[PDB]
Each structure stands twice: as structure tokens, then as C-alpha cells.
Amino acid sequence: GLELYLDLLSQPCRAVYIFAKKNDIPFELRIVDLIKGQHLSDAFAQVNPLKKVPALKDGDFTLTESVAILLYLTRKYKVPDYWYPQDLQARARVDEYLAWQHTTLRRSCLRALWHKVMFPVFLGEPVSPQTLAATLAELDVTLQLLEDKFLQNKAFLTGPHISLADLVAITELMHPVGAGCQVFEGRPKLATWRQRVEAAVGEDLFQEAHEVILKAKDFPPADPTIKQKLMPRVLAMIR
């Protein structure tokens, strides 16, 4: 009874989805449709009281946080070593990235998607161009840190092989890709890394997991009641 409560629109759900499918981990997929406000229902509030996705249920055990969910599945299903290496220092490099991204690249990628596309297209709320400029400037800074602090001259973020870190980072970078931002343009080292990550994960799986975010621009505007319920949740999300 392993169940993953996911919406492929969100960066953390894509990381969990790709991981579980790549490693042939059997699970029931429960799609929690975020644009319909399904995560705000009483039925989802029973699974996760915080009313957020991804959420994991394994028997009677409930787990939140994509980093925790990824580590739980890594250990329980005994996946290959490269995802979270046995080696003390390689493991630490994975921990370093997973910790760093929460307050930096996660935030920057999220704010890029919402200020450029999901506020004016989906919630019908225009964003000032000064706010959008500042957001994309901050995106540039985090992308530069991704290159200079993590990737540097290596094949992958923490070493010669893909790890949990590369999975979290690539699903994050696809948020502004879906928003139409020039993420990999003029960043050749990131561009070749993306292609290496796509191959390690499986290109077909990569494409499949990113079908929803790549069409975020074509979302019909929200329902006036749905917009009302989602607005404080989104404002607390974007900070």
C-alpha cells in the first residue's frame, strides 16, 4: 500500500515521480489537481493536514517533504548507490545541495513561474514589470551559484554520476523553462549537464514528467471561488 499524492505541475512532485518510476518502485498514483484546488478538500486534508503536495502513504505511515520522501524511498527500496553514495564526503555533497536549494533555487524557480505566468495567466493578476525584473535577476544569481558552487567542472552536481541533488535541481530549473525563461541559453555547462541528466533518468520519462509544467502557459484562468481560496496560499508560498 504505497501511495504517492502528486501533481506534476509542482517541482517537488516531479522529483519524486521521476525517482520512483526510474527505480521501478511500485506505487499507486493519486493525482491531486492543484489548479482545481483538490489539495484544499477535506479528503486531502486527512492525508496531509498541511494541504500541500507531495505526500507519501506507506501502510499507516504518512510522510511529507520531497527531500524526506526521496530519502525514504532510496533506503526502503535499496536503489543503486549513486543516488545517495555510501562514501562519507559524496553523501555530504548530496546533503549540501539538498539543504542549500530550499531557500535559494527552489524559491527563485518558483517565483519565476508565478510572476511571469501563473499570476497573470491562471489567477488573472498582473505583476509589475519591476517585480518580474527583480525575480529574473535573482534567478540569474541562483543559476550562477548552481554553476560556481555545485556543478563547477564536473559531469553532475556532486560527482561523476547522477544523484538525488541533480534530480531536485533539474526539476526546479524546469519551472522557469515552463514559464518561458531563457534558463539554459548562454549557459553551455548547464545545457550539457541537463542533457546528461535527461539520459540518466531516461529522456522519455523526463519528457512525460514535464508535460504539465511545459503547458502552464495554456492554462485556462481560475474559477472566482478557486482564485479566492488559492490567493492566500499562493502569497504565503511566493515570499
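Heads up: residue numbers just count along the shown sequence, starting at 1.
In this crystal structure, the stretch out of 151 to 159 and 90 to 98 whose C-alpha atoms carry the higher mean B factor is 151 to 159.
For the pair 72 to 80 and 99 to 107, the record assigns the higher mean C-alpha temperature factor to 72 to 80. As recorded in the entry, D33 carries the highest CA temperature factor of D33, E65, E172, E203. The PDB entry gives the largest Cα B-factor of the residues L40, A55, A209, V197 to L40. Ranked against the other modelled residues of its chain, the C-alpha B-factor of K215 as given in the entry falls in the highest third.
Among the modelled residues of its chain, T225 has a C-alpha B-factor that falls in the highest third, as given in the PDB entry. Sorting the modelled residues of the chain by their CA temperature factor places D140 in the middle third. Per the PDB record, residue ranking by Cα B-factor puts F119 in the middle third of the chain.
Looking at the C-alpha B-factors along this chain, the one for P26 belongs to the highest third.
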